[PDB]
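Scroll down for the structure; my scribbles are underneath it.
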Amino acid sequence: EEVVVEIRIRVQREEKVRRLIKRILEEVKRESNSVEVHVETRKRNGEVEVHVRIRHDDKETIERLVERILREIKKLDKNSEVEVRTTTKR
């Protein structure tokens, strides 16, 4: 069964969105080329939300990639608000 992870990142200022998306896509590239990733930016009332959806068959790969993404998010902005939603079939 496939694992789907959705990561929502609340960014303070829109100027930091480009580096954040670039860093996240770089970590996905370093993991494997079989990992499916989609990125979506949402702007409401001067605030930006970055939505990352990742699909993969191996839960070990998914959990390793998520933790590495969360560490890279924290290095770019210590006060980043992140919500992670993981969907699995059993």
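Residue numbering restarts at 1 in every chain; chains get A, B, ... in the order shown in the structure tokens, and ligands count up from 1 in that same order.
Residues in contact with region 39-48 of chain A at up to 9 Å, not including ones fewer than 4 positions away on its chain and judged by only C-alpha atoms, are residues 9, 10, 11, 12, 13, 14, 17, 21, 25, 52, 53 and 54 of chain A.
Using only C-alpha atoms, the contacts of region 28-30 of chain A at a cut-off of 10 Å, with sequence neighbours closer than 6 positions omitted, comprise residues 36, 37, 54, 62, 65, 66, 68 and 69 of chain A.
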Filtering to N, CA and C atoms, could you give me those residues as a PDB file, in the first residue's frame?
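Output file result.pdb is given in full below:
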ATOM      1  N   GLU A  36       7.094  10.743  -5.586  1.00  0.00           N
ATOM      2  CA  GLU A  36       6.193  11.698  -6.216  1.00  0.00           C
ATOM      3  C   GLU A  36       5.950  12.864  -5.264  1.00  0.00           C
ATOM      4  N   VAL A  37       6.131  14.086  -5.760  1.00  0.00           N
ATOM      5  CA  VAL A  37       6.004  15.281  -4.932  1.00  0.00           C
ATOM      6  C   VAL A  37       5.244  16.351  -5.706  1.00  0.00           C
ATOM      7  N   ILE A  54       3.439  14.271  -0.767  1.00  0.00           N
ATOM      8  CA  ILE A  54       4.424  13.268  -1.154  1.00  0.00           C
ATOM      9  C   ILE A  54       3.757  11.902  -1.125  1.00  0.00           C
ATOM     10  N   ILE A  62       9.375   7.221   3.394  1.00  0.00           N
ATOM     11  CA  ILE A  62       8.507   8.359   3.682  1.00  0.00           C
ATOM     12  C   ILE A  62       8.889   9.001   5.011  1.00  0.00           C
ATOM     13  N   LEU A  65      12.268  10.792   4.790  1.00  0.00           N
ATOM     14  CA  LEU A  65      12.203  12.022   4.008  1.00  0.00           C
ATOM     15  C   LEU A  65      11.466  13.123   4.760  1.00  0.00           C
ATOM     16  N   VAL A  66      10.411  12.765   5.496  1.00  0.00           N
ATOM     17  CA  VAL A  66       9.641  13.765   6.234  1.00  0.00           C
ATOM     18  C   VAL A  66      10.497  14.402   7.323  1.00  0.00           C
ATOM     19  N   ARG A  68      13.716  14.653   7.446  1.00  0.00           N
ATOM     20  CA  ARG A  68      14.757  15.482   6.850  1.00  0.00           C
ATOM     21  C   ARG A  68      14.183  16.802   6.349  1.00  0.00           C
ATOM     22  N   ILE A  69      12.970  16.767   5.793  1.00  0.00           N
ATOM     23  CA  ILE A  69      12.306  17.994   5.362  1.00  0.00           C
ATOM     24  C   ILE A  69      12.025  18.895   6.557  1.00  0.00           C
TER      25      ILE A  69
END
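Restricting the calculation to only C-alpha atoms, the smallest distance between residue 60 (chain A) and any of A:84, A:3, A:73, A:24 is found for A:3.
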Check: What separation in Å, quoted to one decimal, exists between CA of residue 15 (chain A) and CA of residue 82 (chain A)?
Finding: 17.8 Å
Margin query: Ranking A:31, A:74, A:19, A:81 by minimum distance to residue 61 (chain A) and counting only C-alpha atoms, which one comes first?
Written below: A:31
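The coordinates place CA of residue 4 (chain A) at 19.8 Å from CA of residue 72 (chain A).
Minimum distance to residue 77 (chain A) across A:8, A:16, A:38, A:33 (counting only C-alpha atoms) occurs at A:16.
Of the listed residues A:58, A:6, A:67, A:27, the one whose atoms come nearest to residue 83 (chain A) is A:6, with distances taken using only C-alpha atoms.
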Margin query: I need the residues of chain A that end up classed as helix (DSSP H, G or I) by DSSP on the backbone, written out as a ChimeraX atom specification.
Written below: /A:14-31,59-76
Write a file of the selected residues as a tab-separated table (two decimals), in the first residue's frame, keeping N, CA and C atoms.
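Result written to again06.tsv:
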chain	number	residue	atom	x	y	z
A	14	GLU	N	6.38	36.32	2.32
A	14	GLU	CA	6.41	35.64	1.03
A	14	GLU	C	7.81	35.59	0.42
A	15	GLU	N	8.71	36.47	0.86
A	15	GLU	CA	10.06	36.51	0.29
A	15	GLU	C	10.85	35.24	0.57
A	16	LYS	N	10.50	34.49	1.61
A	16	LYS	CA	11.22	33.28	1.98
A	16	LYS	C	10.63	32.02	1.35
A	17	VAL	N	9.59	32.14	0.52
A	17	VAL	CA	8.93	30.96	-0.02
A	17	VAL	C	9.81	30.26	-1.04
A	18	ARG	N	10.51	31.03	-1.88
A	18	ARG	CA	11.30	30.44	-2.96
A	18	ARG	C	12.40	29.53	-2.42
A	19	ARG	N	13.13	30.01	-1.41
A	19	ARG	CA	14.20	29.19	-0.83
A	19	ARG	C	13.63	27.96	-0.13
A	20	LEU	N	12.48	28.11	0.52
A	20	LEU	CA	11.87	26.98	1.22
A	20	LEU	C	11.48	25.87	0.24
A	21	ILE	N	10.81	26.24	-0.85
A	21	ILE	CA	10.40	25.25	-1.84
A	21	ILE	C	11.62	24.61	-2.49
A	22	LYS	N	12.65	25.41	-2.79
A	22	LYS	CA	13.86	24.86	-3.40
A	22	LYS	C	14.52	23.84	-2.48
A	23	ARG	N	14.61	24.16	-1.18
A	23	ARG	CA	15.25	23.25	-0.24
A	23	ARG	C	14.46	21.95	-0.10
A	24	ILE	N	13.12	22.04	-0.09
A	24	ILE	CA	12.30	20.84	0.07
A	24	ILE	C	12.41	19.95	-1.16
A	25	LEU	N	12.37	20.54	-2.35
A	25	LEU	CA	12.50	19.74	-3.57
A	25	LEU	C	13.89	19.13	-3.68
A	26	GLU	N	14.90	19.79	-3.12
A	26	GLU	CA	16.25	19.22	-3.13
A	26	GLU	C	16.33	17.99	-2.25
A	27	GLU	N	15.67	18.01	-1.09
A	27	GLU	CA	15.68	16.85	-0.21
A	27	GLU	C	14.91	15.69	-0.82
A	28	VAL	N	13.82	15.98	-1.54
A	28	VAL	CA	13.09	14.92	-2.23
A	28	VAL	C	13.95	14.32	-3.34
A	29	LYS	N	14.71	15.17	-4.05
A	29	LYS	CA	15.59	14.68	-5.10
A	29	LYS	C	16.71	13.82	-4.53
A	30	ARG	N	17.24	14.19	-3.36
A	30	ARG	CA	18.32	13.42	-2.75
A	30	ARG	C	17.84	12.05	-2.29
A	31	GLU	N	16.57	11.94	-1.89
A	31	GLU	CA	16.05	10.66	-1.42
A	31	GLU	C	15.97	9.65	-2.56
A	59	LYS	N	7.14	3.02	3.51
A	59	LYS	CA	6.93	3.89	4.66
A	59	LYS	C	8.24	4.31	5.30
A	60	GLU	N	9.27	3.46	5.24
A	60	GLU	CA	10.58	3.83	5.77
A	60	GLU	C	11.16	5.02	5.02
A	61	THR	N	11.06	4.99	3.69
A	61	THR	CA	11.49	6.13	2.88
A	61	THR	C	10.69	7.38	3.22
A	62	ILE	N	9.38	7.22	3.39
A	62	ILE	CA	8.51	8.36	3.68
A	62	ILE	C	8.89	9.00	5.01
A	63	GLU	N	9.06	8.19	6.05
A	63	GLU	CA	9.36	8.74	7.37
A	63	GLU	C	10.74	9.39	7.40
A	64	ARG	N	11.71	8.80	6.70
A	64	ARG	CA	13.04	9.40	6.64
A	64	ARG	C	13.01	10.73	5.90
A	65	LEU	N	12.27	10.79	4.79
A	65	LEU	CA	12.20	12.02	4.01
A	65	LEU	C	11.47	13.12	4.76
A	66	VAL	N	10.41	12.77	5.50
A	66	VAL	CA	9.64	13.76	6.23
A	66	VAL	C	10.50	14.40	7.32
A	67	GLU	N	11.22	13.58	8.08
A	67	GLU	CA	12.06	14.11	9.15
A	67	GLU	C	13.16	15.01	8.61
A	68	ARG	N	13.72	14.65	7.45
A	68	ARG	CA	14.76	15.48	6.85
A	68	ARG	C	14.18	16.80	6.35
A	69	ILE	N	12.97	16.77	5.79
A	69	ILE	CA	12.31	17.99	5.36
A	69	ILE	C	12.02	18.90	6.56
A	70	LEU	N	11.55	18.31	7.66
A	70	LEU	CA	11.24	19.12	8.84
A	70	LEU	C	12.49	19.78	9.41
A	71	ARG	N	13.63	19.08	9.35
A	71	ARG	CA	14.88	19.68	9.83
A	71	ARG	C	15.31	20.83	8.93
A	72	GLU	N	15.15	20.67	7.61
A	72	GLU	CA	15.51	21.75	6.70
A	72	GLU	C	14.57	22.94	6.84
A	73	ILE	N	13.29	22.69	7.13
A	73	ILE	CA	12.36	23.78	7.38
A	73	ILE	C	12.78	24.57	8.61
A	74	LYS	N	13.20	23.87	9.67
A	74	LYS	CA	13.58	24.54	10.91
A	74	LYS	C	14.86	25.35	10.74
A	75	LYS	N	15.78	24.89	9.89
A	75	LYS	CA	17.01	25.64	9.65
A	75	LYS	C	16.73	26.95	8.91
A	76	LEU	N	15.74	26.95	8.01
A	76	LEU	CA	15.40	28.18	7.30
A	76	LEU	C	14.63	29.15	8.19
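In this structure, CA of residue 87 (chain A) sits 15.3 Å away from CA of residue 51 (chain A).
The protein and nucleic acid residues lying at most 9 Å from residue 1 (chain A) are residues 3, 56, 57, 58, 88, 89 and 90 of chain A, with only C-alpha atoms considered and sequence neighbours fewer than 2 positions away removed.
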Check: Taking the backbone alone, and naming residues the way the document does, which bits of region 6-78 of chain A are strand (DSSP E) by DSSP, as an NGL selection string?
Finding: :A and (6-11 or 36-44 or 47-56)
